[PDB]
Colleague: 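Supplied in structure tokens, the structure appears directly below.
The analysis underlying the following values was restricted to heavy atoms, covering all of them including side chains, and did not include hydrogens, waters or symmetry mates. Order of listing sets the numbers, starting from 1, for every ligand and every atom in it. Residues take their numbers from the sequence shown, with the count starting at 1.
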Amino acid sequence: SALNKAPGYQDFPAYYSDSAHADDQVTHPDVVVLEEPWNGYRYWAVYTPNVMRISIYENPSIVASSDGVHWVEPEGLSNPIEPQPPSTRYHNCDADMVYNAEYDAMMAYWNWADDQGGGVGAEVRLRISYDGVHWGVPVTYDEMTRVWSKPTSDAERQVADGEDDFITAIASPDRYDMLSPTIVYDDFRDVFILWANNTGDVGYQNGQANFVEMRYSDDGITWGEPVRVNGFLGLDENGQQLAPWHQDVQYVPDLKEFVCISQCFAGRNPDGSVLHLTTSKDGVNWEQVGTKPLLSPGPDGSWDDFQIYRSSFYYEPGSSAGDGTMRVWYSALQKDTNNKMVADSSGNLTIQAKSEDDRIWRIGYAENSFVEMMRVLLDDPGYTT
Ligand SMILES: C[C@@H]1O[C@@H](O[C@@H]2[C@@H](O[C@H]3O[C@H](CO)[C@H](O)[C@H](O)[C@H]3O)[C@@H](O)[C@@H](CO)O[C@H]2O)[C@@H](O)[C@H](O)[C@@H]1O
Ligand SMILES: [Ca+2]
Ligand SMILES: [Ca+2]
Ligand SMILES: [Ca+2]
Ligand SMILES: [Ca+2]
């Protein structure tokens, strides 16, 4: 196996309470792993609750951990960090978070859509935090200039964190052309990079017409014009082209390259999607690693038996160069779940799925040696970095 899935899944809290849906359904994690603790913890994650049929609960939420396994809501934090929309016309999705070393602050991005055709389109929005508890607009950010000035005291390391306290990073008049934004700070060129999937004004059924675009920014706040990446995905084991749905990118210093885990598909839409691995020296020009999937749905009846959904990763360096560990927080869905018993996070059959749970959404974990992963992907038992 390219990655070894951990048994069960991880417990993430979801704020919602809805009688027609099992609690604590969640997707699309984005994890930040640090060398040293930030506001008490070395692991920070943003994620969104989600259920079938209604997207209104899909609101950026934060947890922290000391281990990447057991997640807690920091003391004083109220999830979601971005409020529930006022109606089902609108929904949030697709969170991704970066640690900004210069400001010693987290930058949490997400996608907001007006889903009404002929509506206003969509936006990539941003809330920043200094303390891990309050997420919003820095008090030394000037909305007129869009400049985030570095704090010059502890008192300036504060945010406004009300319901309207976000930054619009990007706007588009189409609804679905900036899906799954993923941000990396390139410390060579000294620029923020954001990759997103362009599904036009169509979305989930756009399919093989999907393509990824990148944008550049000096600060992470104001972004330039998009340009298409090249070579993002390749052929699968049948020789069939893969198309993007959702993705996470990392710059990996130990590998001297950008690495991306892509939730992708060979058919008409992301049903049954798998993960593939793709890499790039520059962020622009990519090549898929092997023909084989990095992660696939589990067997019938498993919590991940429908599709693998958007996943986040960290390359943990080893003691030797080029010999690290791939750590993957993967989201997934189970099919055919209405009124059925489903697994808890320990893998025990203790949860009753509810009447409108057509599927169940959870976040779990998988891991492998980077070298062993590459050996499986490339069908090369002797690969070494
Ligand atoms: C309930 C329904 O939910 C959303 O549509 C889902 C769709 O959601 C994904 O794709 C749309 C674009 O088509 C957005 O990017 C979402 O952030 C994605 O999660 C898929 O799940 C398809 C699967 O068949 O089902 C649609 O109903 C939302 O766009 C709708 O407005 C509505 O809220
Ligand atoms: Ca999404
Ligand atoms: Ca990320
Ligand atoms: Ca091209
Ligand atoms: Ca190609």
Colleague: Pairing donors with acceptors under 3.5 angstrom, does anything connect the side chains of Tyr109 and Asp30?
Modeller: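 Judged by distance alone, the side chains do not pair up.
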
Colleague: Of the side chain and backbone of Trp112, name the one, both, or neither that has a heavy atom under 4.0 Å from an atom of ligand 1.
Modeller: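 It is neither; nothing of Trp112 touches ligand 1.
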
Colleague: Does ligand 1 have an atom that lies less than 4.0 angstrom from a heavy atom of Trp361?
Modeller: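 The answer is no, since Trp361 has no heavy atom less than 4.0 Å from ligand 1.
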
Colleague: Quick one: nearest non-hydrogen protein atom to atom 32 (C) of ligand 1, plus distance?
Modeller: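 For atom 32 (C) of ligand 1, the nearest protein heavy atom comes out as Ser55 OG, 4.0 Å.
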
Colleague: Quick one: CG on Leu294 to CG on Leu3, what's the gap to the nearest 0.5 Å?
Modeller: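 Rounded to the nearest 0.5 Å, the CG-CG separation comes to 4.0 Å.
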
Colleague: For atom 9 (C) of ligand 1, find the nearest protein heavy atom and state the residue, atom name and distance (0.1 Å precision).
Modeller: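 The closest heavy atom on the protein side is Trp245 CZ2, 4.0 Å.
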
Colleague: For atom 7 (C) of ligand 1, what is the nearest protein heavy atom, given as residue, atom name and distance?
Modeller: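 The answer is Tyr204 CB, 4.4 Å.
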
Colleague: Tell me the protein heavy atom at minimum distance from atom 29 (O) of ligand 1, and give that distance in Å.
Modeller: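 Ranking protein heavy atoms by distance from atom 29 (O) of ligand 1, first comes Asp115 OD1, 3.1 Å.
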
Colleague: Pick one of side chain, backbone, both or neither for how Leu179 approaches ligand 1, counting any non-hydrogen atom pair under 4.0 Å.
Modeller: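 Answer for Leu179: side chain.
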
Colleague: How long is the straight-line distance from CH2 of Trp361 back to CD of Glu58, given to the nearest 0.5 Å?
Modeller: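 Result: 6.5 Å between the selected atoms.
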
Colleague: To the nearest 10°, how many degrees is the angle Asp248 OD1 to the Ca ion (ligand 3) to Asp96 OD1?
Modeller: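 The OD1/OD1 angle about the Ca ion (ligand 3) sits at 80°.
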
Colleague: Check whether any side-chain N or O of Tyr130 sits under 3.5 Å from a backbone N or O of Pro138 as a donor-acceptor pair, and report yes or no.
Modeller: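 Flag not set: sc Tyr130 to bb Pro138 has no pair under 3.5 Å.
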
Colleague: Please determine if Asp357 and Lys340 form a salt bridge, counting it only when a charged side-chain N lies under 4.0 Å from a carboxylate O.
Modeller: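 No, no charged N to carboxylate O under 4.0 Å.
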
Colleague: For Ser331 and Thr27, which I'm curious about, is there any donor-acceptor pair between the side chains at under 3.5 Å?
Modeller: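 Yes, side-chain donor-acceptor contact under 3.5 Å.
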
Colleague: Under 4.0 Å, heavy-atom basis, I'd like to know which part of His91 is in contact with ligand 1: side chain, backbone, both or neither.
Modeller: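 The part of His91 near ligand 1 is the side chain, not the backbone.
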
Colleague: Would you say the ring centers of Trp303 and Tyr330 fall short of 6.0 Å from each other?
Modeller: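 Close enough - the centres of the two rings lie under 6.0 Å apart.
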
